[PDB]
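Breakdown of the fold
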Protein chains: 2
Amino acid sequence: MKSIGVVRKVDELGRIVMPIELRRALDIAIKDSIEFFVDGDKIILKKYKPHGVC
Amino acid sequence: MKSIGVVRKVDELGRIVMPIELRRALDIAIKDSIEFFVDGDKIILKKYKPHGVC
């Protein structure tokens with residue numbers, strides 16, 4: 001349980017379902033963009049257009 | 001372009017493809033578990049078993 005409190009299960013490759021809350025968080029309309037940043041063990045998802053830490 | 005440097009496009013609902021590097025960062029084999037935490041505009045993914053910040 002977290003802020004979103006949702007855990008996903010990798011398909012088989014690594015594909016999972018990100019929440020509308022992620023689409024809402026960033027800017028995602030139907031595909032838009034989500035680029036990830038790895039931190040220690042964790043993964044950081046953010047849209048491409050909004051330049052953040054990289 | 002970031003640590004992983006990979007950006008995804010949502011399918012339609014919110015599903016995208018997370019990298020092997022995510023399975024490797026955490027501890028995902030084929031499905032395992034990835035729970036996300038939303039922070040400001042961004043999303044924070046980590047395995048369920050290892051209880052980090054929540």
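Residues numbered from 1 in each chain as written, not as in the entry; some residues may be left out. Chains lettered and ligands numbered in written order. Heavy atoms only, no water.

Per the PDB record, this model was obtained through solution NMR.

Within the PDB entry, the label attached to chain A reads Putative transition state regulator abh, and the organism entered is Bacillus subtilis. Readers searching the PDB will find this entry under the title "Solution Structure of the N-Terminal DNA Recognition Domain of the Bacillus Subtilis Transcription-State Regulator ABH". Within the UniProt record for chain A, the comment given under Sequence similarities is "To B.subtilis AbrB and SpoVT." (UniProt positions renumbered as here; feature names shortened; annotations may be inferred.)

This part is about the overall build of chain A. Counting its regular elements, chain A contains 1 helix and 4 strands. In chain A, the succession of α and β elements from N to C terminus is β-β-α-β-β. The principal-axis extents of the C-alpha atoms in chain A amount to approximately 30 × 30 × 25 Å. Here chain A holds 54 residues, and the buried ones make up 41% of them. Residue pairs at least 24 apart in sequence account for 2% of intrachain contacts in chain A once pairs closer than 6 positions are excluded. Side-chain charges of chain A comprise 11 positive and 8 negative groups, with the mean position of each set lying 4 Å from the other. (Helix = DSSP H or I, 4+ residues; strand = E, 2+ residues; numbered from the N terminus. Buried < 20%, exposed > 50% of the residue type's maximum accessible area, 1.4 Å probe, protein only. Contact = heavy atoms within 4.5 Å. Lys, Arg positive; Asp, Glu negative; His and termini not counted. Charge placed at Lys NZ, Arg CZ, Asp CG, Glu CD.)

Time to look at the interface of chain B and chain A. On the chain A side, the residues contacting the 42 residues of chain B number 42 residues. On the chain B side of the contact with chain A, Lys 2, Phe 36 and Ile 43 of chain B bury the most area, a combined 18% of that side's loss. Put simply, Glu 35 of chain A and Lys 2 of chain B hold a salt bridge, and the shortest N to O gap is 2.7 Å. Where chain B touches chain A, the interface holds 24 residue pairs in polar contact. Relative to strand 1 (residues 6-8) of chain B, strand 3 (residues 34-39) of chain A is paired through 3 bridges, and the arrangement is antiparallel. Residue pairing across strands places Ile 34 of chain A opposite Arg 8 of chain B, the latter belonging to strand 1 of chain B. (Buried area = accessible area lost by both parts, 1.4 Å probe. Salt bridge = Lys/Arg side-chain N within 4 Å of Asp/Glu carboxyl O. Polar contact = N/O pair within 3.5 Å; in protein donor to acceptor, adjacent residues only side chain to side chain. Pairing = 2+ DSSP bridges.)

Enumeration according to the criterion identifies 13 salt bridges over all chains in this entry. Between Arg 15 of chain A and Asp 11 of chain A there is a salt bridge whose closest N-O contact spans 4.0 Å. Taking the relative accessible area as the measure of exposure, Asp 11 of chain A reaches 29% and is therefore partly exposed. Close ionic contact of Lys 46 of chain B with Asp 41 of chain A constitutes a salt bridge, the shortest N to O distance being 2.8 Å. Here the residue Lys 46 of chain B occupies a position in strand 4 (residues 42-46), and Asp 41 of chain A occupies one in the loop between strand 3 and strand 4 (42-46), the pair thus bridging two chains. Its relative accessible area of 10% is what places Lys 46 of chain B among the buried residues.

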